[PDB]
>>> print(open('entry19.cif').read())   # mmCIF, C-alpha atoms
data_coords
#
loop_
_atom_site.group_PDB
_atom_site.id
_atom_site.type_symbol
_atom_site.label_atom_id
_atom_site.label_comp_id
_atom_site.auth_asym_id
_atom_site.auth_seq_id
_atom_site.Cartn_x
_atom_site.Cartn_y
_atom_site.Cartn_z
ATOM 1 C CA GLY E 86 0.000 0.000 0.000
ATOM 2 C CA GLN E 87 1.055 3.636 0.224
ATOM 3 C CA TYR E 88 1.652 4.006 3.972
ATOM 4 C CA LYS E 89 3.479 1.698 6.364
ATOM 5 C CA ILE E 90 5.896 2.018 9.270
ATOM 6 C CA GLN E 91 7.440 -0.214 11.962
ATOM 7 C CA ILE E 92 8.320 1.334 15.306
ATOM 8 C CA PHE E 93 10.565 -0.272 17.944
ATOM 9 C CA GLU E 94 10.904 0.067 21.733
ATOM 10 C CA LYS E 95 14.703 -0.031 21.587
ATOM 11 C CA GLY E 96 17.443 1.318 19.367
ATOM 12 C CA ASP E 97 18.826 -0.710 16.484
ATOM 13 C CA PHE E 98 15.376 -2.176 15.793
ATOM 14 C CA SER E 99 15.327 -4.326 18.927
ATOM 15 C CA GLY E 100 12.695 -4.788 21.642
ATOM 16 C CA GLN E 101 8.991 -5.183 20.808
ATOM 17 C CA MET E 102 7.813 -3.954 17.415
ATOM 18 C CA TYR E 103 4.533 -2.424 16.251
ATOM 19 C CA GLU E 104 3.502 -1.989 12.623
ATOM 20 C CA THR E 105 0.842 0.458 11.427
ATOM 21 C CA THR E 106 -0.587 2.076 8.246
ATOM 22 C CA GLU E 107 -2.661 4.825 9.891
ATOM 23 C CA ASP E 108 -2.132 8.061 11.873
ATOM 24 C CA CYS E 109 -1.616 7.740 15.621
ATOM 25 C CA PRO E 110 -2.819 10.564 17.969
ATOM 26 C CA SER E 111 -1.214 8.920 21.035
ATOM 27 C CA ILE E 112 1.282 6.035 21.071
ATOM 28 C CA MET E 113 0.711 5.480 24.814
ATOM 29 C CA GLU E 114 -2.988 4.773 24.322
ATOM 30 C CA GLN E 115 -2.646 2.817 21.059
ATOM 31 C CA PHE E 116 0.634 0.993 21.560
ATOM 32 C CA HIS E 117 1.253 1.455 25.296
ATOM 33 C CA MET E 118 4.631 2.951 24.617
ATOM 34 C CA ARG E 119 6.057 6.184 25.923
ATOM 35 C CA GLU E 120 8.816 6.594 23.329
ATOM 36 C CA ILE E 121 10.117 5.365 19.941
ATOM 37 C CA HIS E 122 13.812 4.411 19.917
ATOM 38 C CA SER E 123 14.054 3.361 16.289
ATOM 39 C CA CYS E 124 11.879 2.682 13.281
ATOM 40 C CA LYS E 125 11.646 1.749 9.627
ATOM 41 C CA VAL E 126 9.488 3.565 7.110
ATOM 42 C CA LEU E 127 8.517 0.863 4.619
ATOM 43 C CA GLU E 128 6.147 3.045 2.568
ATOM 44 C CA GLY E 129 5.213 6.711 2.387
ATOM 45 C CA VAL E 130 6.532 9.731 4.275
ATOM 46 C CA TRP E 131 5.695 10.389 7.896
ATOM 47 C CA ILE E 132 6.121 12.962 10.613
ATOM 48 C CA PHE E 133 6.774 12.491 14.359
ATOM 49 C CA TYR E 134 5.426 14.901 17.018
ATOM 50 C CA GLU E 135 6.721 15.412 20.556
ATOM 51 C CA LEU E 136 3.335 15.674 22.268
ATOM 52 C CA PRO E 137 -0.034 13.893 21.843
ATOM 53 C CA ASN E 138 -2.531 14.945 19.174
ATOM 54 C CA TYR E 139 0.204 16.257 16.897
ATOM 55 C CA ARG E 140 1.492 19.102 19.062
ATOM 56 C CA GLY E 141 4.988 20.203 19.993
ATOM 57 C CA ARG E 142 8.208 19.624 18.104
ATOM 58 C CA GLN E 143 7.944 18.112 14.578
ATOM 59 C CA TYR E 144 10.331 15.679 12.816
ATOM 60 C CA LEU E 145 9.924 14.706 9.158
ATOM 61 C CA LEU E 146 10.656 11.060 8.368
ATOM 62 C CA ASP E 147 11.367 10.857 4.608
ATOM 63 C CA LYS E 148 14.114 8.237 4.607
ATOM 64 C CA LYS E 149 13.928 4.458 5.082
ATOM 65 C CA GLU E 150 15.446 3.399 8.376
ATOM 66 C CA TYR E 151 16.336 5.074 11.628
ATOM 67 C CA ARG E 152 18.398 3.220 14.235
ATOM 68 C CA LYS E 153 18.232 6.040 16.789
ATOM 69 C CA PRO E 154 16.226 9.249 17.401
ATOM 70 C CA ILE E 155 19.233 11.337 16.354
ATOM 71 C CA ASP E 156 18.674 9.966 12.826
ATOM 72 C CA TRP E 157 15.380 11.816 12.576
ATOM 73 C CA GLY E 158 16.996 14.864 14.133
ATOM 74 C CA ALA E 159 15.935 14.514 17.757
ATOM 75 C CA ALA E 160 18.007 15.125 20.875
ATOM 76 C CA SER E 161 15.791 12.594 22.686
ATOM 77 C CA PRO E 162 13.631 9.484 22.049
ATOM 78 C CA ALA E 163 10.572 11.554 23.029
ATOM 79 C CA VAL E 164 7.663 11.037 20.583
ATOM 80 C CA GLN E 165 3.974 10.888 21.426
ATOM 81 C CA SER E 166 2.111 11.007 18.106
ATOM 82 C CA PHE E 167 2.735 10.675 14.377
ATOM 83 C CA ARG E 168 0.981 10.714 11.055
ATOM 84 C CA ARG E 169 1.145 10.110 7.308
ATOM 85 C CA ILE E 170 1.909 12.958 4.888
ATOM 86 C CA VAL E 171 -0.963 12.363 2.470
ATOM 87 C CA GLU E 172 -0.273 13.103 -1.202
ATOM 88 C CA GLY X 86 3.036 21.439 -11.669
ATOM 89 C CA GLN X 87 2.907 19.656 -8.332
ATOM 90 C CA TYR X 88 4.606 22.263 -6.127
ATOM 91 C CA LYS X 89 3.800 25.920 -5.688
ATOM 92 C CA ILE X 90 3.832 28.287 -2.737
ATOM 93 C CA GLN X 91 3.613 32.054 -2.159
ATOM 94 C CA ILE X 92 5.480 33.626 0.745
ATOM 95 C CA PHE X 93 4.669 37.013 2.283
ATOM 96 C CA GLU X 94 6.794 39.425 4.286
ATOM 97 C CA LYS X 95 3.829 40.620 6.250
ATOM 98 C CA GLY X 96 0.993 38.846 8.012
ATOM 99 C CA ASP X 97 -2.375 38.188 6.408
ATOM 100 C CA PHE X 98 -0.959 38.021 2.900
ATOM 101 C CA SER X 99 0.316 41.595 2.745
ATOM 102 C CA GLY X 100 3.701 43.138 1.986
ATOM 103 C CA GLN X 101 6.249 41.783 -0.516
ATOM 104 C CA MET X 102 5.342 38.412 -2.049
ATOM 105 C CA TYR X 103 7.263 35.818 -4.014
ATOM 106 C CA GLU X 104 5.902 32.732 -5.750
ATOM 107 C CA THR X 105 8.152 29.708 -6.142
ATOM 108 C CA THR X 106 8.117 26.040 -7.177
ATOM 109 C CA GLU X 107 11.545 24.856 -5.952
ATOM 110 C CA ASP X 108 13.353 24.355 -2.650
ATOM 111 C CA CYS X 109 15.033 27.380 -1.100
ATOM 112 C CA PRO X 110 18.234 26.865 0.951
ATOM 113 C CA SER X 111 18.410 30.497 2.149
ATOM 114 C CA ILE X 112 15.687 33.184 1.916
ATOM 115 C CA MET X 113 18.101 36.011 2.699
ATOM 116 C CA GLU X 114 20.008 35.262 -0.488
ATOM 117 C CA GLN X 115 17.198 34.179 -2.786
ATOM 118 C CA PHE X 116 14.482 36.606 -1.686
ATOM 119 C CA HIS X 117 16.307 39.401 0.150
ATOM 120 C CA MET X 118 14.146 39.060 3.241
ATOM 121 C CA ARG X 119 14.714 37.425 6.604
ATOM 122 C CA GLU X 120 11.228 36.524 7.866
ATOM 123 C CA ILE X 121 8.099 35.051 6.346
ATOM 124 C CA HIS X 122 4.963 36.233 8.172
ATOM 125 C CA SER X 123 2.326 34.514 6.038
ATOM 126 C CA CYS X 124 1.937 32.189 3.101
ATOM 127 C CA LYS X 125 -0.322 30.284 0.756
ATOM 128 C CA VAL X 126 0.399 26.723 -0.273
ATOM 129 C CA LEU X 127 -1.161 26.472 -3.752
ATOM 130 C CA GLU X 128 0.201 23.077 -4.831
ATOM 131 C CA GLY X 129 1.961 20.280 -2.964
ATOM 132 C CA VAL X 130 3.128 19.931 0.629
ATOM 133 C CA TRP X 131 6.088 21.818 2.076
ATOM 134 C CA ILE X 132 8.206 22.113 5.195
ATOM 135 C CA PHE X 133 9.675 25.306 6.750
ATOM 136 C CA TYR X 134 13.039 25.214 8.611
ATOM 137 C CA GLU X 135 14.309 27.559 11.353
ATOM 138 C CA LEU X 136 17.855 27.910 10.008
ATOM 139 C CA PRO X 137 19.417 28.015 6.473
ATOM 140 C CA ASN X 138 20.162 24.796 4.628
ATOM 141 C CA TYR X 139 17.240 22.955 6.256
ATOM 142 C CA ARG X 140 18.580 22.943 9.837
ATOM 143 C CA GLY X 141 16.890 23.678 13.170
ATOM 144 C CA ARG X 142 13.198 23.357 14.071
ATOM 145 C CA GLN X 143 10.814 21.956 11.403
ATOM 146 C CA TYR X 144 7.247 23.009 10.564
ATOM 147 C CA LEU X 145 4.984 21.012 8.230
ATOM 148 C CA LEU X 146 2.899 23.018 5.769
ATOM 149 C CA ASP X 147 0.089 20.803 4.407
ATOM 150 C CA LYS X 148 -2.877 23.167 4.525
ATOM 151 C CA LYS X 149 -3.628 25.927 2.022
ATOM 152 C CA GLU X 150 -3.296 29.182 3.957
ATOM 153 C CA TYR X 151 -1.408 30.514 6.939
ATOM 154 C CA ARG X 152 -2.122 34.075 8.076
ATOM 155 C CA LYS X 153 0.586 34.124 10.771
ATOM 156 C CA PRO X 154 3.571 31.966 11.850
ATOM 157 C CA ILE X 155 1.587 30.521 14.768
ATOM 158 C CA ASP X 156 -0.609 28.891 12.128
ATOM 159 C CA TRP X 157 2.281 26.634 11.187
ATOM 160 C CA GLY X 158 3.105 26.096 14.830
ATOM 161 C CA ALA X 159 5.908 28.634 15.168
ATOM 162 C CA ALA X 160 6.424 30.829 18.218
ATOM 163 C CA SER X 161 8.406 33.396 16.250
ATOM 164 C CA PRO X 162 8.871 34.491 12.626
ATOM 165 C CA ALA X 163 12.078 32.481 12.499
ATOM 166 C CA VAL X 164 12.271 30.498 9.230
ATOM 167 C CA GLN X 165 15.127 30.735 6.748
ATOM 168 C CA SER X 166 14.773 27.827 4.314
ATOM 169 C CA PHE X 167 12.052 25.513 3.069
ATOM 170 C CA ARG X 168 11.534 22.660 0.644
ATOM 171 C CA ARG X 169 8.981 20.433 -1.088
ATOM 172 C CA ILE X 170 8.085 16.994 0.296
ATOM 173 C CA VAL X 171 8.572 15.050 -2.953
ATOM 174 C CA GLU X 172 6.525 11.841 -2.944
#
>>> encode(input="entry19.cif", output="structure tokens")
Amino acid sequence: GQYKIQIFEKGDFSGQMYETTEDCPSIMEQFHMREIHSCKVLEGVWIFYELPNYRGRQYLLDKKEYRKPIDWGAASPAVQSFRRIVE
Amino acid sequence: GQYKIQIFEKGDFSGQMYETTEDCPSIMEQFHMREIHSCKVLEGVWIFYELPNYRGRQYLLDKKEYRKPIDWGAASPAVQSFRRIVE
């Protein structure tokens, strides 16, 4: 399909993994996770937000894989919501 | 084409305006201005960056109009480069 991403609880794609194809207003409520330590964008372009409901700091994810938060330009693994860039 | 945006030096679509369809690594050099106070996204989806060469804070622009910087989630008129999200 057009949108798909895998997010991991630990860096270097380790720990538990969750896969999704839709926007997520709160990763704590949906995935019971406080942070994202690494991920892989398999399809589409996405954006990470610091706070719930797409508020706070924004990070564009337009590459393929990210082993650590620094790879998507963040000084911390803090992420609470994310969504697809629809086009 | 797929990407087109108009940037304004003053809020609410007033003041000097430039229309462009390509990425801009530095507005001071390309457009002889230092702050964008409003803008219209006519075609495509873009992203504004705090510092030149796409560095610093990021702001997604996926709606059509923004009357003030706060509308793209910025606390100040600080934006010095921007580019198209090519999908």
>>> calpha_fit_and_write(input="entry19.cif", fixed="chain X", moving="chain E", output="compact mmCIF listing (two decimals) with C-alpha atoms, keeping the file's coordinate frame")
# COMPACT_ATOMS: atom_id res chain seq x y z
CA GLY E 86 2.19 21.70 -11.53
CA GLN E 87 2.80 19.72 -8.35
CA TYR E 88 4.65 22.27 -6.22
CA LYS E 89 3.89 25.94 -5.64
CA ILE E 90 3.89 28.39 -2.74
CA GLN E 91 3.53 32.15 -2.17
CA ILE E 92 5.35 33.71 0.77
CA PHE E 93 4.66 37.19 2.17
CA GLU E 94 6.72 39.74 4.14
CA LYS E 95 3.80 40.63 6.40
CA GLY E 96 0.95 38.84 8.12
CA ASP E 97 -2.44 38.47 6.47
CA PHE E 98 -0.79 38.11 3.05
CA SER E 99 0.31 41.74 2.86
CA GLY E 100 3.67 43.32 2.00
CA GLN E 101 5.79 42.09 -0.93
CA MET E 102 5.12 38.58 -2.22
CA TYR E 103 7.40 35.94 -3.73
CA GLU E 104 6.21 32.82 -5.55
CA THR E 105 8.33 29.71 -6.07
CA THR E 106 8.11 26.03 -7.18
CA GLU E 107 11.54 24.87 -5.99
CA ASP E 108 13.42 24.26 -2.70
CA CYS E 109 15.09 27.26 -1.07
CA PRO E 110 18.31 26.76 1.00
CA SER E 111 18.33 30.42 2.15
CA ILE E 112 15.51 32.96 1.81
CA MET E 113 17.91 35.84 2.60
CA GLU E 114 20.11 35.05 -0.39
CA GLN E 115 17.30 34.12 -2.80
CA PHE E 116 14.53 36.48 -1.75
CA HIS E 117 16.39 38.98 0.45
CA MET E 118 14.02 38.34 3.29
CA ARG E 119 14.84 37.47 6.87
CA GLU E 120 11.44 36.04 7.82
CA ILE E 121 8.10 34.77 6.45
CA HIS E 122 5.02 36.29 8.12
CA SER E 123 2.38 34.47 6.11
CA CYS E 124 2.02 32.26 3.08
CA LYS E 125 -0.25 30.23 0.84
CA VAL E 126 0.52 26.71 -0.33
CA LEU E 127 -1.14 26.50 -3.74
CA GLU E 128 0.18 23.02 -4.60
CA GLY E 129 2.04 20.24 -2.82
CA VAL E 130 3.20 19.90 0.78
CA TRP E 131 6.14 21.83 2.15
CA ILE E 132 8.28 22.15 5.23
CA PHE E 133 9.80 25.28 6.84
CA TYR E 134 13.17 25.24 8.67
CA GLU E 135 14.43 27.73 11.26
CA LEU E 136 18.02 27.94 10.00
CA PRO E 137 19.65 27.99 6.53
CA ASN E 138 20.31 24.79 4.58
CA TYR E 139 17.43 22.98 6.25
CA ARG E 140 18.71 22.95 9.83
CA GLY E 141 17.05 23.73 13.13
CA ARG E 142 13.37 23.57 14.00
CA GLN E 143 11.01 22.00 11.41
CA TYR E 144 7.38 22.95 10.57
CA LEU E 145 5.23 20.90 8.19
CA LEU E 146 2.98 22.93 5.90
CA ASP E 147 0.21 20.58 4.70
CA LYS E 148 -2.73 22.98 4.67
CA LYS E 149 -3.62 25.77 2.23
CA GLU E 150 -3.21 29.18 3.81
CA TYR E 151 -1.41 30.60 6.80
CA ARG E 152 -2.06 34.18 7.91
CA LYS E 153 0.51 34.08 10.72
CA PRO E 154 3.46 31.90 11.84
CA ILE E 155 1.35 30.51 14.70
CA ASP E 156 -0.75 28.78 12.01
CA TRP E 157 2.18 26.57 11.07
CA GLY E 158 2.94 26.06 14.74
CA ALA E 159 5.70 28.60 15.31
CA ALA E 160 6.18 30.91 18.28
CA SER E 161 7.99 33.33 15.93
CA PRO E 162 8.14 34.40 12.25
CA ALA E 163 11.69 32.98 12.10
CA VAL E 164 12.24 30.87 8.95
CA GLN E 165 15.40 30.66 6.87
CA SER E 166 14.90 27.77 4.44
CA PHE E 167 12.17 25.50 3.11
CA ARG E 168 11.56 22.69 0.69
CA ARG E 169 9.06 20.48 -1.12
CA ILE E 170 8.08 17.07 0.27
CA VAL E 171 8.60 15.04 -2.90
CA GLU E 172 6.22 12.12 -3.46
>>> resolve_selection(input="entry19.cif", expression="the PyMOL selection byres ((chain X and resi 114-129) around 10)", output="ChimeraX atom specification")
/E:172 /X:86-104,106,109-113,130-131,133,146-157,161-166,169-172
>>> atom_distance(input="entry19.cif", atom1="CA of residue 132 (chain E)", atom2="CA of residue 168 (chain E)")
5.6 Å
>>> atom_distance(input="entry19.cif", atom1="CA of residue 136 (chain E)", atom2="CA of residue 108 (chain X)")
28.2 Å
>>> closest_residue(input="entry19.cif", among="E:167, E:135, E:140, E:107", to="chain X", atoms="all atoms listed in the file")
E:140
>>> atom_distance(input="entry19.cif", atom1="CA of residue 139 (chain X)", atom2="CA of residue 158 (chain E)")
11.3 Å
